[PDB]
Amino acid sequence: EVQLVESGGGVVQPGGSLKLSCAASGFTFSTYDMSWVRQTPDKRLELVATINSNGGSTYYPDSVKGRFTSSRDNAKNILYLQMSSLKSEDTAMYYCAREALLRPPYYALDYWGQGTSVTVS
Amino acid sequence: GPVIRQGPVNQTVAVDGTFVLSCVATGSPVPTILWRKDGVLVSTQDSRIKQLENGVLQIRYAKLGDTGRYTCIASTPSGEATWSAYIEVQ
Amino acid sequence: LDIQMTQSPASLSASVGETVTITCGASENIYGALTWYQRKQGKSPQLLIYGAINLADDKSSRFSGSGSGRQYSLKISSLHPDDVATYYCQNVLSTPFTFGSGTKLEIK
């Protein structure tokens with residue numbers, strides 16, 4: 001039974017720093033690329049990080065590049081997002097999500113965690 | 001007899017980004033589309049590299065070595081057409 | 001330089017049993033590289049449609065995705081109260097993988 005559980009959210013000061021965790025179970029975590037997606041208070045969505053299955057490759061959009069680091073522990077099955085130099089625009093619900101294996105292999109996210117709240121000010 | 005309406009276009013792309021080349025071909029029968037990179041048939045089996053529908057080649061987690069000439073080859077039992085573009089990853 | 005996704009309408013309320021269309025326009029051709037997500041209130045998004053036209057595994061056939069080029073549609077046939085959600089399209093052609101800003105579907 002696929003489960004994703006984010007934690008590590010809270011309230012932080014501008015320029016502050018936070019590290020989120022996502023515990024995965026019920027699937028072969030080392031096989032899947034994973035994403036972090038956030039949902040701002042206006043209900044818009046934004047992809048903020050992807051990482052491939054062995055941690056060898058990472059992607060961040062311009063809005064967070066330099067400030068966010070994604071990494072994974074494939075033995076303990078956890079995905080991380082280190083966020084630093086935080087700003088009020090980073091205030092959002094953060095989900096960790098699994099990248100689906102599909103045909104054709106378009107990028108899509110089939111399982112999502114319920115998310116962890118981050119507030120900056 | 002195949003004609004390429006829109007071949008790939010020149011692009012500058014960022015390292016770690018995802019880009020595509022697209023190749024829109026007509027003819028009867030419907031043209032199959034092949035990709036070469038730097039003269040060699042692209043391996044859509046590196047897992048970063050995906051052939052998607054509608055003649056799209058997609059390359060994820062772009063690396064510096066993905067810089068190069070990309071050629072679309074549109075083929076039909078009648079004939080074939082060619083159109084290339086240059087990609088710069090930086 | 002990034003691909004803009006524009007969704008219409010921003011919200012709508014409709015009645016049970018109605019068929020409802022939501023649209024998504026991209027600022028350039030995206031070649032069917034589009035995905036649709038459903039987000040119910042206080043929940044995380046779920047995959048609905050991938051590659052513009054493919055229905056996700058454990059999702060109702062009342063949902064259908066169509067389109068090509070720059071224009072895409074999500075149709076919801078025979079509207080059911082559980083369909084109450086925000087629907088989002090996403091460009092999955094080239095980065096940034098921009099999301100449309102979402103369409104909130106309500107029942108009258």
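Heavy-atom basis, side chains included; hydrogens, waters and symmetry copies ignored. Proteins come first, then strands; the chains are lettered A, B, ... in the order of their sequence lines, and each starts at number 1.
C:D82 and C:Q38 make their closest contact through O-NE2, 4.3 Å (heavy atoms, listed as atom of the first residue, atom of the second, distance). Counting all heavy atoms, side chain and backbone alike, A:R38 lies closest to A:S63 at NH2-OG, 4.1 Å. Taking every heavy atom of both residues into account, B:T76 and B:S28 meet most closely at CG2-O, 4.1 Å. The heavy-atom pair separating A:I78 from A:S21 by the smallest distance is CG2-CB, 4.0 Å.
Between B:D66 and B:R48 there is a salt bridge, with a side-chain nitrogen of the basic residue lying less than 4.0 Å from a carboxylate oxygen of the acidic one. The existence of a salt bridge linking A:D33 and A:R98 is excluded, since no basic side-chain nitrogen approaches an acidic carboxylate oxygen closer than 4.0 Å. Using a cutoff of 4.0 Å between basic side-chain nitrogens and carboxylate oxygens, A:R44 and A:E46 are not scored as salt-bridged. Note on A:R67 versus A:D90: salt bridge recorded, some NZ/NE/NH1/NH2 to OD/OE distance being below 4.0 Å.
With sequence neighbours left out, C:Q7 forms a side-chain hydrogen bond (donor to acceptor under 3.5 Å, both in side chains) with C:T103. A search for side-chain hydrogen bond (donor to acceptor under 3.5 Å, both in side chains) contacts involving B:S47 returns nothing, not counting sequence neighbours.
Cluster annotation: B:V56 is connected to C:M5 through the hydrophobic network of ILVMFWY side chains, with a link wherever side-chain heavy atoms come within less than 4.5 Å. Side-chain heavy atoms closer than 4.5 Å link hydrophobic residues (I, L, V, M, F, W, Y) into clusters, and following such links, even through other members, never connects B:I59 to A:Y107. Both C:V84 and C:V16 belong to a common hydrophobic cluster when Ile, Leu, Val, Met, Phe, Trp and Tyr are linked at side-chain heavy-atom distances under 4.5 angstrom.
Taking 4.5 Å as the limit, some side-chain heavy atom of C:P45 sits within range of a side-chain heavy atom of A:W112.
The ring of A:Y59 has its center no closer than 6.0 angstrom to the ring center of B:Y61. Here the two rings, on C:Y37 and C:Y87, have centers that are 6.0 Å apart or farther.
Classification of the A:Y32-A:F27 ring pair by plane angle, with boundaries at 30° and 60°, yields perpendicular. The aromatic rings of A:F68 and A:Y94 are tilted relative to each other, their planes meeting at an angle between 30° and 60°.
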How far apart are the C-alpha atoms of B:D16 and B:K63, what are their side-chain angles, what is the distance that settles it, and do they pass the salt bridge (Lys or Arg N to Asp or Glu O under 4.0 Å) test? CA-CA 6 Å; B:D16 303 329; B:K63 297 170 181 197; over 6 Å; no
